[PDB]
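Data block below; observations after.
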Amino acid sequence: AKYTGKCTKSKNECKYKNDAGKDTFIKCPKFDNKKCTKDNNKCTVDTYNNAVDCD
């Protein structure tokens, strides 16, 4: 599935709510694009492939 969440810069992590309403965390990639560039930026998670892209 594809979820949209919000990321935090320092921890470089995406937080999204799954369909049960549970906050779930998945680290952004560390190097260049796909890393979180500002607190509360959008991030898109693909739970089929365990992949995230952070803004």
Side-chain angles (χ1 to χ4, degrees):
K2 289 181 189 290
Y3 283 101
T4 289
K6 292 181 175 184
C7 63
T8 66
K9 188 171 194 164
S10 172
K11 208 158 170 161
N12 198 22
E13 206 164 74
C14 179
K15 179 182 80 170
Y16 66 100
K17 277 183 198 292
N18 69 13
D19 288 344
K22 195 189 80 83
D23 284 336
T24 305
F25 296 83
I26 184 177
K27 294 197 201 290
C28 304
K30 265 189 184 275
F31 306 117
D32 73 79
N33 203 241
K34 302 215 187 275
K35 95 162 186 152
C36 188
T37 59
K38 195 172 68 170
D39 281 350
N40 297 313
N41 275 4
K42 290 295 171 295
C43 49
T44 303
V45 181
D46 170 356
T47 57
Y48 192 87
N49 289 297
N50 195 36
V52 69
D53 182 352
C54 311
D55 288 5

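Starting from 1, each residue takes its place in the sequence as its number. As a basis for the values below, the full set of heavy atoms in this structure was taken, side chains included, without hydrogen atoms, waters or symmetry mates.
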Can you name the closest pair of heavy atoms from [X] and [Y] and give their distance?
X     : Y     : answer
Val52 : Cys28 : CG1-CA, 3.8 Å
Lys17 : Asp23 : NZ-OD1, 2.9 Å
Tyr16 : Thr4  : CB-O, 3.9 Å

Contact check, side chains of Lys6 and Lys15, non-hydrogen atoms, under 4.5 Å: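 No, their side chains stay 4.5 Å or more apart.
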Under 3.5 Å, sequence neighbours excluded: what are the donor-acceptor pairs made by side chains of residues 35-48?
from: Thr37; atom 1: OG1; to: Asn41; atom 2: ND2; distance (Å): 3.1
from: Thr37; atom 1: OG1; to: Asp55; atom 2: O; distance (Å): 2.6
from: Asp39; atom 1: OD1; to: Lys9; atom 2: N; distance (Å): 2.8
from: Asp46; atom 1: OD1; to: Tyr48; atom 2: N; distance (Å): 3.0
from: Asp46; atom 1: OD1; to: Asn49; atom 2: N; distance (Å): 3.2
from: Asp46; atom 1: OD2; to: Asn49; atom 2: ND2; distance (Å): 2.8
from: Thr47; atom 1: OG1; to: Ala1; atom 2: N; distance (Å): 3.1
from: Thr47; atom 1: OG1; to: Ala1; atom 2: O; distance (Å): 3.4

Would you say the side-chain atoms of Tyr3 pair up with the backbone N or O of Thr24, donor to acceptor, closer than 3.5 Å?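 Flag not set: sc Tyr3 to bb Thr24 has no pair under 3.5 Å.
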